[PDB]
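Working notes, structure below.
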Amino acid sequence: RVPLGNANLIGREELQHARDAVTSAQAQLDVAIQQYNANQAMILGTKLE
Amino acid sequence: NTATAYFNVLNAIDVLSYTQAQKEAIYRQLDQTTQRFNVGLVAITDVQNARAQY
C-alpha cells in the first residue's frame, strides 16, 4: 500500500490503518515470545535426569 | 397548435424547477465529498466524479 500513497491515489486513513496493523502485529509477536521465555525458565537445565 | 404551444410552456416550467432542485442536491454532494477528501477519508478520484456530475 505504501507507494500508492506517495501520489494521492489512496485514502490517508487506509495507510494509517495499515501502519497501525503492522505495529499491533509486532506487539502480539512480542507477547508470544515472552510467554515462550516464561515457560523456558523452568527447564533451562537441558538434561532430563 | 395554440393548445399544444400553450401546454409546452408549463412543461418547460416544471422541468426547470426540478432541474434546479437536482442542481442544489448535487452541489451539496460535491461539498460533502470535497470536505471529506480534505479531512483524509477519500481519494482524489472521488472528487473528480463529483465535479463531473456538478
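We did not get these values from a lab; they are worked out from the coordinates using the rules stated. Please note: Cβ atoms are built from the backbone with ideal geometry, for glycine as well, and neighbour counts cover all protein chains shown.
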Within chain A, tally of residues that are more than 30 Å from residue B:42 (Cβ to Cβ), hydroxyl-bearing (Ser, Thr, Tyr) and part of a helix (DSSP H, G or I): 1
Residue within segment B:25-46 that is away from chain A (no Cβ under 14 Å) and farther than 30 Å from residue A:15 by Cα present: yes
Subset of segment A:1-38 (residues that are at the interface with another protein chain (Cβ under 9 Å from one of its Cβ atoms) and polar (S, T, N, Q)): A:8, A:16
Within chain A, tally of residues that are of a type outside the set (A, V, I, L, M, F, W, C) and within 21 Å of residue B:39 (Cβ to Cβ): 12
Residue satisfying condition, being more than 10 Å from the chain's Cα centre (by Cα), of a type in the set (A, V, I, L, M, F, W, C) and surrounded by 11 or more Cβ atoms within 10 Å (Cβ to Cβ), within set B:5, B:52, B:12, B:43: B:43
